[PDB]
Amino acid sequence: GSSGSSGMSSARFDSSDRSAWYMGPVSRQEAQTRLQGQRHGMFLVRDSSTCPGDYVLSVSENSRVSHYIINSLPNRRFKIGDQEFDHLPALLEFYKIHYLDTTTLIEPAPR
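Under the authors' numbering, the first residue of the sequence shown is numbered 1, with each subsequent residue one higher.
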């Protein structure tokens with residue numbers, strides 16, 4: 001049971017839930033089709049390819065997929081662009097209110 005709920009918060013997703021946002025096994029070609037045309041706000045984090053270890057936060061905005069690369073800091077931290085946080089699930093929660101470029105993080109793409 002306990003299926004369904006309401007609230008006055010556009011952003012309603014678990015940041016500490018990789019199985020909710022982390023797509024791990026996902027390539028750009030895919031991630032794109034998942035955030036291509038999708039409602040503005042959709043996002044997801046998959047294993048980066050260009051660089052080993054790094055990640056890529058694919059977001060949906062401007063009728064495109066805003067790929068927000070997440071640099072891997074040596075201090076066990078992540079640096080997304082020109083900002084830094086405690087970890088992956090520590091930056092997405094801080095963006096739930098802040099607008100990256102023209103929008104904010106609403107909810108992670110569907111499985």
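Where a beta carbon is used, it is the ideal one built from N, C-alpha and C, also for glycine.
> Tell me the DSSP bridge mates of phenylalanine 78?
Replying inline: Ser72 and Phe85
> What is the rounded straight-line gap between the Cα of residue 117 and the Cα of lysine 79?
Replying inline: It is not possible to answer for residue 117, since the shown part of the chain is limited to 1 through 111.
> If you run the structure through DSSP and keep just helix, strand and coil, what is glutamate 61?
Replying inline: strand
>> Does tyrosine 99 pass the burial test, meaning 16 or more other C-beta atoms within 10 Å, or should it be called exposed?
In response: exposed
>> Using the three-state DSSP reduction, which class does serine 19 fall into: helix, strand or coil?
In response: helix
>> Among the candidates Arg111, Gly41, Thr102 and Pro89, whose CA atom is the shortest distance from the CA of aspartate 14?
In response: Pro89
> Taking C-alpha atoms, which residue in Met42, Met8 and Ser5 lies nearest to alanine 109?
Replying inline: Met42
> What is the residue span of the beta strand (DSSP E) that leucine 44 lies within?
Replying inline: 43-47
>> Please classify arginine 39 as buried or exposed, where buried requires at least 16 other C-beta atoms within 10 Å of its C-beta.
In response: exposed
>> Considering only their Cβ atoms, is the gap separating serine 10 from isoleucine 106 smaller than 7 Å?
In response: yes
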